[PDB]
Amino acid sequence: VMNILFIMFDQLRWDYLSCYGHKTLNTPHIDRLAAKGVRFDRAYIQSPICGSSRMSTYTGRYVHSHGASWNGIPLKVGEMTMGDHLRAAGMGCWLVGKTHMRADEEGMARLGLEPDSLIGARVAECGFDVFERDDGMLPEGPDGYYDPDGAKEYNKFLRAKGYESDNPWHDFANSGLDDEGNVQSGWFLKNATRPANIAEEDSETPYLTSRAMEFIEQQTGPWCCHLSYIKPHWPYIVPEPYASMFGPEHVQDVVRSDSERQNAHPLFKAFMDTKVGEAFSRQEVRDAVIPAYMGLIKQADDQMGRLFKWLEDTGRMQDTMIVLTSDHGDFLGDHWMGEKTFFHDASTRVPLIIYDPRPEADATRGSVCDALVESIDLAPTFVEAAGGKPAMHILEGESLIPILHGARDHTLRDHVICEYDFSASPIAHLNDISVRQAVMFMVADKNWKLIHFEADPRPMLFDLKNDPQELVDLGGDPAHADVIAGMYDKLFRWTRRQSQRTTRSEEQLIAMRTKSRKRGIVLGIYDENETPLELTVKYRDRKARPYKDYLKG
């Protein structure tokens, strides 16, 4: 039986792995996975924020199709998920870590789905059976917890080892400590320079790695395990030795220009003119945060070394497909922005490495695929991997198995799509854009990236071949009107897709074309000679009496 180990890191940039070219951050264990598999050089997520990116990946569907369009927007009860597609192919689907799922409680109540039943618990958890659900943080303020269940098992783990605090996740894993015993919260970016006040083996990435091994040891039958880490997502703080390993001298140059800010499209400027944008535009903030970010990733690589060594030693490596990816990047000050909520590659292009242990993937080991790839491709890839037939009237991406197995070196699509709905975001609050206007679309191929705003008639446009850093907006350039028209055609073609026709497969639709004519539907037939007599056997040669004769009783 082949198993699938679906590994994801939150907020990990494509260019912060050495196999993707980082100059000072060496990630040999992840690089080694790539050397025995395929590295995807052009992989894009479908929304630049945790919740909606993940919901797209777990459904294999675009945000425009599934409707879970921002953090905390529930995925509706009707939408089937990865776990559903895999279980129909005989493979279990399990969670170790983060999903950012919010149950559609209203929808469940409407259909009488109980959250404590097998079917109900799965719907509430985005199709996963849960080994451990942890979205990876326990923030709190005057109105309470962002997520009361954050770090629930992790805090029990720390308290059992002897840590004591009314928030051990905060005080140890995500804060430093000064000489006088004062907790230095990792929520303050200046404290990113401090080592986390925790034994390194007890911090979050090593913890979740141990949990993955515990799951794998226990689980029989074919399984898919979504191993889903919160780091390098904030708080940006890491234990020794990773804390001391990097400094500002190791940070790659920020990618931005004065002209870019001067000539910023009004909606682009809006995302720069935020607390986070202005913060990460400051040298002292990048000097503190980015070496910590790097340390988090180096720690991840060491834990992948640990995990992969264990799969090898226990003989599981030859029967486990491994996928390694991210839900989105982090601008880290690039383009005068912080966080991730815009369309430049620094956020929307993600690392993606796939290792298929089977001999049919031998021909492509160590190769680099430069074809247009979307995160929604993972679901049909997994179904095919599990020996199933991907239901392509529901799943909108494409299986990557033909690429892995050397049947072709490219996908079939001619463009990728990303979407961002900021109707629920603090930023629409400030610029008071209407809910209906607070949305943007991205369409890109190898040559161009077009950004459409519903709140502004002018698009943004980047020449990806000659401006790969995406610093020069050509959206207002008359010389590019034809190119802009062409990309808009691509976006329009995509919006017209029939993504909601999920209740009949293409084969079933074709079969319906000839069914009714033999079931008595007779149209445009004047007399019995105008259609085959076989079709009207139920209608001809019949006898009856005048109706009055049946009624005179």
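Just count from 1 along the sequence shown to find any residue number.
Quick one: say whether 286-294 or 450-458 has the higher mean Cα B-factor in the deposited entry. Going by the record's values, the stretch with the higher mean is 450-458.
Mean CA temperature factor from the deposited coordinates, higher in 334-342 or in 215-223? The deposited B-factors put 215-223 ahead on the C-alpha mean.
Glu384, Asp134, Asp377, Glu164, ranked by C-alpha B-factor: the highest one: Out of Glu384, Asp134, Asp377, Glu164, the record gives the largest C-alpha B-factor to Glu164.
Based on the PDB record, which member of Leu158, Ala479, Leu75, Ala199 exhibits the highest Cα temperature factor? By C-alpha B-factor in the record, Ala479 ranks first.
CA B-factor ranking of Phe188, expressed as a third of its chain: For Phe188, whose C-alpha B-factor we compare with every modelled residue in the chain, the answer is the middle third.
Relative to the other modelled residues of the same chain, rank the CA B-factor of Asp327 and answer lowest, middle or highest third. Lowest third of the chain for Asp327's C-alpha B-factor.
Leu12 CA temperature factor, ranked by third within the chain: Within its chain, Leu12 is a lowest-third residue by C-alpha B-factor, going by the deposited values.
Ordered by C-alpha B-factor within the chain, which third holds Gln299? Give me lowest, middle or highest, please. CA B-factor rank for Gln299: lowest third.
If you rank every modelled residue in this chain by C-alpha B factor, which third holds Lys518: lowest, middle or highest? Within its chain, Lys518 is a highest-third residue by C-alpha B-factor, going by the deposited values.
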